[PDB]
Each structure stands twice: as C-alpha cells, then as structure tokens.
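Peer 1: I'd like to ask you about the structure that follows.
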Amino acid sequence: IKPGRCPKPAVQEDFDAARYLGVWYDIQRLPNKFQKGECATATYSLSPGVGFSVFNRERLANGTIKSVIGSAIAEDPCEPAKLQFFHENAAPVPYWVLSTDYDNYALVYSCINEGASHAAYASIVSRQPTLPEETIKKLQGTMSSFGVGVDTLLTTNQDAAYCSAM
Ligand SMILES: C=CC1=C(C)/C(=C/c2[nH]c(/C=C3N=C(/C=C4\NC(=O)C(C)=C4C=C)C(C)=C\3CCC(=O)O)c(CCC(=O)O)c2C)NC1=O
C-alpha cells in the first residue's frame, strides 16, 4: 500500500513480556484497515509460550464497540521483542516492541513486505489514556529515524465523553 520495502529497526533489549502485560491505551497509530475507531486499548494476559494473549478493544463511531482476540508469540525465544500476532482467519503479522519502560510507554512496529511496496502498523501506547507530549516527540523521533511518516500519525481519542462506558 506504501511504496518501498520494510526497514529493520532496533527492538527493546532484555524485553520482559511479563512486565508488558496488563492494559495499554492507544495514543497514536498509523492509519489502517482494521482500526476505524477510537477509545482503543490493548490488554495482554498470560500465555503458555513466549508472549501473551491479546484483547484489542475500540469504540466505533456508531457507539457500538468491537473487539478482536489474538495471540502474540516470539518465534525466537532469544529475541523476545520480535513477536508474531496471530488472529482468527488471517496470516500472522509481525509485532515488534521497539522501546518500552513497562510502566508508562511502549513503541510497537510492524511491517509486511508487499512486492515493491509495504504495509505497516505503528503504535504509541501508554498505561493511561494520555502520555506526556514530550515522550510522544521522543518516540516520534525514533519512528522518523527509520522511515515512519510521523506526519501520517493519528492521535486516538481517549476522552471520557466519547469513551463513556469503558
Ligand atoms: C504494531 C502495531 C499493530 C499491529 C501488529 C496490529 C494488528 C491488528 N490489529 C487488529 C485490530 C485491532 N487492533 C486494535 C488496537 C491495537 N492493536 C495493537 O497491536 C496495539 C498496540 C493497539 C492499541 C492499543 C484494536 C482496538 C482492534 C480492533 C479493530 C476492529 O474493531 O476491527 C487486526 C485485525 C482486526 C480484525 O481481525 O478484525 C490486526 C491484524 N495493530 C497494530 O496497531
């Protein structure tokens, strides 16, 4: 969908998927097919392998909320930050944890080589509906350092008015 093939950025070192569990609020995201809504959250829970179970939830414009259940598993237990996201009726897409503090923020990247083009996902997630605008900028610097159009990014709405039932 986007011209050019995938870059290979650096990922989180000594990534602990146990400290990555819990709820993560979406702060910024690259536009895509699937996330056509707001009030988006990801909840990661125990899974037998190297990874976690996935519950992604968002509220749509019409008010009804839509969730997906999935799995994120590391295929190389020695590289815990490079995981694969498996979901019902689809081929797995990558799930790379580029950077995280486990307690406040996380930067996740994903890219699929599509012939001469590529498809990509990117997400700034926080442990609260907001994240300090200074950390957003620092993470946008990392993203732009490897080709990510930080200017195509969409700020997810996490305002109580619209997300008044979560
Ligand atoms: C690297 C980033 C990234 C990947 C690999 C990704 C994968 C991904 N997210 C999806 C849905 C979704 N994904 C999210 C949200 C997230 N999903 C996340 O991985 C993160 C970090 C959030 C934000 C907290 C939500 C809310 C849906 C449901 C979309 C719907 O209602 O159909 C779907 C398919 C939905 C369906 O089957 O209908 C895929 C393949 N999304 C991403 O943003």
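Following the order of the structure tokens, first chain is A, next is B, and so on, with residues numbered from 1 inside each chain and ligands from 1 in the order they appear.
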How close does chain A get to ligand 1? List, as JSON lines, each residue of chain A within 7 Å, its nearest atom pair and the distance in Å to one decimal, counting only C-alpha atoms and all ligand atoms.
Peer 2:
{"residue": "A:24", "atom": "CA", "partner": "ligand 1", "partner_atom_place_in_ligand_line": "24 (C)", "distance": 5.6}
{"residue": "A:25", "atom": "CA", "partner": "ligand 1", "partner_atom_place_in_ligand_line": "24 (C)", "distance": 5.1}
{"residue": "A:26", "atom": "CA", "partner": "ligand 1", "partner_atom_place_in_ligand_line": "24 (C)", "distance": 4.1}
{"residue": "A:29", "atom": "CA", "partner": "ligand 1", "partner_atom_place_in_ligand_line": "43 (O)", "distance": 6.4}
{"residue": "A:34", "atom": "CA", "partner": "ligand 1", "partner_atom_place_in_ligand_line": "29 (C)", "distance": 4.7}
{"residue": "A:35", "atom": "CA", "partner": "ligand 1", "partner_atom_place_in_ligand_line": "29 (C)", "distance": 4.5}
{"residue": "A:36", "atom": "CA", "partner": "ligand 1", "partner_atom_place_in_ligand_line": "29 (C)", "distance": 6.7}
{"residue": "A:40", "atom": "CA", "partner": "ligand 1", "partner_atom_place_in_ligand_line": "26 (C)", "distance": 4.5}
{"residue": "A:41", "atom": "CA", "partner": "ligand 1", "partner_atom_place_in_ligand_line": "24 (C)", "distance": 4.1}
{"residue": "A:42", "atom": "CA", "partner": "ligand 1", "partner_atom_place_in_ligand_line": "24 (C)", "distance": 4.1}
{"residue": "A:56", "atom": "CA", "partner": "ligand 1", "partner_atom_place_in_ligand_line": "25 (C)", "distance": 4.4}
{"residue": "A:57", "atom": "CA", "partner": "ligand 1", "partner_atom_place_in_ligand_line": "26 (C)", "distance": 4.0}
{"residue": "A:58", "atom": "CA", "partner": "ligand 1", "partner_atom_place_in_ligand_line": "26 (C)", "distance": 4.1}
{"residue": "A:66", "atom": "CA", "partner": "ligand 1", "partner_atom_place_in_ligand_line": "31 (O)", "distance": 4.3}
{"residue": "A:67", "atom": "CA", "partner": "ligand 1", "partner_atom_place_in_ligand_line": "28 (C)", "distance": 5.1}
{"residue": "A:68", "atom": "CA", "partner": "ligand 1", "partner_atom_place_in_ligand_line": "28 (C)", "distance": 5.4}
{"residue": "A:85", "atom": "CA", "partner": "ligand 1", "partner_atom_place_in_ligand_line": "5 (C)", "distance": 6.2}
{"residue": "A:87", "atom": "CA", "partner": "ligand 1", "partner_atom_place_in_ligand_line": "37 (O)", "distance": 6.4}
{"residue": "A:88", "atom": "CA", "partner": "ligand 1", "partner_atom_place_in_ligand_line": "37 (O)", "distance": 6.7}
{"residue": "A:93", "atom": "CA", "partner": "ligand 1", "partner_atom_place_in_ligand_line": "5 (C)", "distance": 5.8}
{"residue": "A:94", "atom": "CA", "partner": "ligand 1", "partner_atom_place_in_ligand_line": "5 (C)", "distance": 5.7}
{"residue": "A:95", "atom": "CA", "partner": "ligand 1", "partner_atom_place_in_ligand_line": "5 (C)", "distance": 4.8}
{"residue": "A:96", "atom": "CA", "partner": "ligand 1", "partner_atom_place_in_ligand_line": "1 (C)", "distance": 6.5}
{"residue": "A:108", "atom": "CA", "partner": "ligand 1", "partner_atom_place_in_ligand_line": "1 (C)", "distance": 4.7}
{"residue": "A:109", "atom": "CA", "partner": "ligand 1", "partner_atom_place_in_ligand_line": "1 (C)", "distance": 4.1}
{"residue": "A:110", "atom": "CA", "partner": "ligand 1", "partner_atom_place_in_ligand_line": "1 (C)", "distance": 4.3}
{"residue": "A:121", "atom": "CA", "partner": "ligand 1", "partner_atom_place_in_ligand_line": "2 (C)", "distance": 4.5}
{"residue": "A:122", "atom": "CA", "partner": "ligand 1", "partner_atom_place_in_ligand_line": "2 (C)", "distance": 4.6}
{"residue": "A:123", "atom": "CA", "partner": "ligand 1", "partner_atom_place_in_ligand_line": "2 (C)", "distance": 5.3}
{"residue": "A:125", "atom": "CA", "partner": "ligand 1", "partner_atom_place_in_ligand_line": "24 (C)", "distance": 5.9}
Peer 1: Based on the selection just made, write C-alpha atoms of those residues as a short mmCIF file (atom, residue, chain, number, x, y, z; two decimals), in the first residue's frame.
Peer 2:
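Result file follows (out-v3.cif):
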data_model
loop_
_atom_site.label_atom_id
_atom_site.label_comp_id
_atom_site.auth_asym_id
_atom_site.auth_seq_id
_atom_site.Cartn_x
_atom_site.Cartn_y
_atom_site.Cartn_z
CA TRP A 24 -2.21 -0.37 27.26
CA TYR A 25 -4.06 2.70 25.87
CA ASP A 26 -3.52 3.70 22.26
CA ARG A 29 -1.33 4.98 15.43
CA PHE A 34 -8.75 -2.52 10.96
CA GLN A 35 -8.63 0.40 13.42
CA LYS A 36 -11.52 2.55 12.23
CA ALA A 40 -8.69 1.88 21.63
CA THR A 41 -6.97 -0.32 24.20
CA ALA A 42 -4.87 -3.49 24.24
CA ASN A 56 -7.80 -5.32 21.44
CA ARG A 57 -10.92 -3.16 22.04
CA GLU A 58 -12.18 0.04 20.34
CA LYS A 66 -15.77 -4.09 18.56
CA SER A 67 -13.04 -6.37 19.91
CA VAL A 68 -10.62 -8.93 18.50
CA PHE A 85 0.49 -11.60 16.11
CA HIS A 87 -5.65 -13.76 14.90
CA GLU A 88 -8.74 -15.67 13.77
CA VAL A 93 1.62 -10.11 11.09
CA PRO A 94 4.81 -9.09 12.93
CA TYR A 95 4.71 -7.46 16.36
CA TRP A 96 7.99 -5.74 17.26
CA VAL A 108 5.35 -1.09 18.68
CA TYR A 109 6.14 -1.50 14.98
CA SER A 110 5.02 -3.95 12.31
CA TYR A 121 1.46 -0.61 11.60
CA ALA A 122 2.86 1.62 14.34
CA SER A 123 1.51 2.46 17.78
CA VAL A 125 0.74 3.09 23.74
#
Peer 1: Extract, using only C-alpha atoms, all DNA, RNA and protein residues at most 8 Å from residue A:153, discarding same-chain residues fewer than 3 positions from it, and format them as number ranges by chain.
Peer 2: A: 28-31, 149-150
Peer 1: Please indicate the distance in Å from atom CA of residue A:13 to atom CA of residue A:133, rounded to one decimal place.
Peer 2: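 These atoms are spaced 24.2 Å apart.
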Peer 1: How many Å separate atom CA of residue A:101 from atom CA of residue A:21?
Peer 2: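 Atom-to-atom, atom CA of residue A:101 and atom CA of residue A:21 are spaced 12.1 Å apart.
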Peer 1: To test your reading of the structure, identify every residue in stretch 27-102 of chain A that backbone DSSP assigns to strand (DSSP E), and report it as number ranges by chain.
Peer 2: A: 27-29, 38-45, 51-59, 65-74, 82-87, 93-100
Peer 1: Have a look at A:54, A:17, A:111, A:97 and name the one nearest to residue A:124; count only C-alpha atoms.
Peer 2: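 Using only C-alpha atoms, residue A:124 sits closest to A:97.
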Peer 1: With distances taken over only C-alpha atoms, which residue among A:103, A:114, A:16, A:38 lies nearest residue A:2?
Peer 2: A:114
Peer 1: Report, in Å with one decimal, the straight-line distance from atom CA of residue A:70 to atom CA of residue A:154.
Peer 2: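 If I compute the distance from atom CA of residue A:70 to atom CA of residue A:154, I get 23.3 Å.
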Peer 1: I need the helix (DSSP H, G or I) residues of chain A per DSSP on the backbone, written as a PyMOL selection string.
Peer 2: chain A and resi 133-144
Peer 1: Output C-alpha atoms of each residue in that selection to a file, as a short mmCIF file (atom, residue, chain, number, x, y, z; two decimals), in the first residue's frame.
Peer 2:
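What ended up in part-v5.cif:
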data_model
loop_
_atom_site.label_atom_id
_atom_site.label_comp_id
_atom_site.auth_asym_id
_atom_site.auth_seq_id
_atom_site.Cartn_x
_atom_site.Cartn_y
_atom_site.Cartn_z
CA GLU A 133 3.72 15.20 24.93
CA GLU A 134 7.49 15.16 25.47
CA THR A 135 7.66 11.35 25.35
CA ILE A 136 5.45 11.39 22.25
CA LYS A 137 8.03 13.58 20.50
CA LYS A 138 10.99 11.42 21.55
CA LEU A 139 9.22 8.32 20.25
CA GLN A 140 8.29 10.16 17.04
CA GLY A 141 11.99 10.87 16.59
CA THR A 142 12.74 7.14 16.73
CA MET A 143 9.95 6.38 14.24
CA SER A 144 11.08 9.06 11.77
#
Peer 1: Quick one: residues within 9 Å of residue A:46, only C-alpha atoms counted, chain neighbours fewer than 6 positions away excluded, as a list in words?
Peer 2: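 Near neighbours after the sequence-gap exclusion: residues 18, 21, 52 and 53 of chain A.
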Peer 1: Take the residues from that selection and put them in a file with N, CA and C atoms, as a PDB file, in the first residue's frame.
Peer 2:
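result-v4.pdb, written as the output of this step:
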ATOM      1  N   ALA A  18       6.515 -10.315  30.675  1.00  0.00           N
ATOM      2  CA  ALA A  18       5.738 -10.383  31.930  1.00  0.00           C
ATOM      3  C   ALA A  18       5.480  -8.963  32.406  1.00  0.00           C
ATOM      4  N   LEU A  21       2.615  -7.030  30.394  1.00  0.00           N
ATOM      5  CA  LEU A  21       1.210  -7.477  30.493  1.00  0.00           C
ATOM      6  C   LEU A  21       0.354  -6.351  31.063  1.00  0.00           C
ATOM      7  N   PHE A  52       2.058 -13.444  24.886  1.00  0.00           N
ATOM      8  CA  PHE A  52       0.885 -13.113  25.683  1.00  0.00           C
ATOM      9  C   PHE A  52      -0.370 -13.219  24.828  1.00  0.00           C
ATOM     10  N   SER A  53      -1.495 -13.461  25.497  1.00  0.00           N
ATOM     11  CA  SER A  53      -2.797 -13.374  24.852  1.00  0.00           C
ATOM     12  C   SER A  53      -3.180 -11.911  24.655  1.00  0.00           C
TER      13      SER A  53
END
Peer 1: So which residues touch residue A:132 within 10 Å, counting only C-alpha atoms, skipping near sequence neighbours fewer than 5 positions away, as an MDAnalysis selection string?
Peer 2: chainID A and resid 104:105 126 137
Peer 1: With only C-alpha atoms as the atoms that count, which of A:63, A:92, A:77, A:37 lies nearest to residue A:161?
Peer 2: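 For residue A:161, the nearest of the candidates is A:63.
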Peer 1: Applying 9 Å and only C-alpha atoms, which residues near residue A:50 remain after dropping the ones on its own chain fewer than 5 positions away? List them as JSON, numbers by chain.
Peer 2: {"A": [17, 72, 73, 74, 75, 76, 77, 80, 83]}
Peer 1: Export N, CA, C and O atoms of the chosen residues as a PDB file, in the first residue's frame?
Peer 2:
ATOM      1  N   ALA A  17       8.237  -9.923  28.667  1.00  0.00           N
ATOM      2  CA  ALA A  17       6.817  -9.917  28.276  1.00  0.00           C
ATOM      3  C   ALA A  17       5.928 -10.035  29.511  1.00  0.00           C
ATOM      4  O   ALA A  17       4.715  -9.856  29.362  1.00  0.00           O
ATOM      5  N   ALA A  72       0.166 -13.198  20.632  1.00  0.00           N
ATOM      6  CA  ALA A  72       1.469 -12.680  20.173  1.00  0.00           C
ATOM      7  C   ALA A  72       2.530 -13.636  20.692  1.00  0.00           C
ATOM      8  O   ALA A  72       2.670 -13.717  21.915  1.00  0.00           O
ATOM      9  N   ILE A  73       3.234 -14.327  19.795  1.00  0.00           N
ATOM     10  CA  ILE A  73       4.227 -15.355  20.221  1.00  0.00           C
ATOM     11  C   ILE A  73       5.591 -15.036  19.620  1.00  0.00           C
ATOM     12  O   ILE A  73       5.643 -14.704  18.435  1.00  0.00           O
ATOM     13  N   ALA A  74       6.643 -15.139  20.423  1.00  0.00           N
ATOM     14  CA  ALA A  74       8.012 -14.956  19.905  1.00  0.00           C
ATOM     15  C   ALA A  74       8.470 -16.262  19.262  1.00  0.00           C
ATOM     16  O   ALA A  74       8.452 -17.293  19.938  1.00  0.00           O
ATOM     17  N   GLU A  75       8.864 -16.202  17.995  1.00  0.00           N
ATOM     18  CA  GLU A  75       9.331 -17.412  17.280  1.00  0.00           C
ATOM     19  C   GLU A  75      10.793 -17.669  17.637  1.00  0.00           C
ATOM     20  O   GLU A  75      11.232 -18.811  17.480  1.00  0.00           O
ATOM     21  N   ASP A  76      11.522 -16.643  18.073  1.00  0.00           N
ATOM     22  CA  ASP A  76      12.909 -16.863  18.554  1.00  0.00           C
ATOM     23  C   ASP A  76      12.940 -16.452  20.014  1.00  0.00           C
ATOM     24  O   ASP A  76      13.060 -15.265  20.287  1.00  0.00           O
ATOM     25  N   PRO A  77      12.827 -17.403  20.948  1.00  0.00           N
ATOM     26  CA  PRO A  77      12.779 -17.077  22.358  1.00  0.00           C
ATOM     27  C   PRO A  77      13.991 -16.258  22.806  1.00  0.00           C
ATOM     28  O   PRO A  77      13.975 -15.755  23.900  1.00  0.00           O
ATOM     29  N   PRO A  80      13.045 -11.823  22.352  1.00  0.00           N
ATOM     30  CA  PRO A  80      11.668 -11.735  22.865  1.00  0.00           C
ATOM     31  C   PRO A  80      10.879 -10.555  22.321  1.00  0.00           C
ATOM     32  O   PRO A  80       9.645 -10.576  22.397  1.00  0.00           O
ATOM     33  N   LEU A  83       7.845 -10.412  18.057  1.00  0.00           N
ATOM     34  CA  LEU A  83       6.751 -11.396  18.223  1.00  0.00           C
ATOM     35  C   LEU A  83       5.891 -11.445  16.963  1.00  0.00           C
ATOM     36  O   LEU A  83       5.984 -10.535  16.141  1.00  0.00           O
TER      37      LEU A  83
END
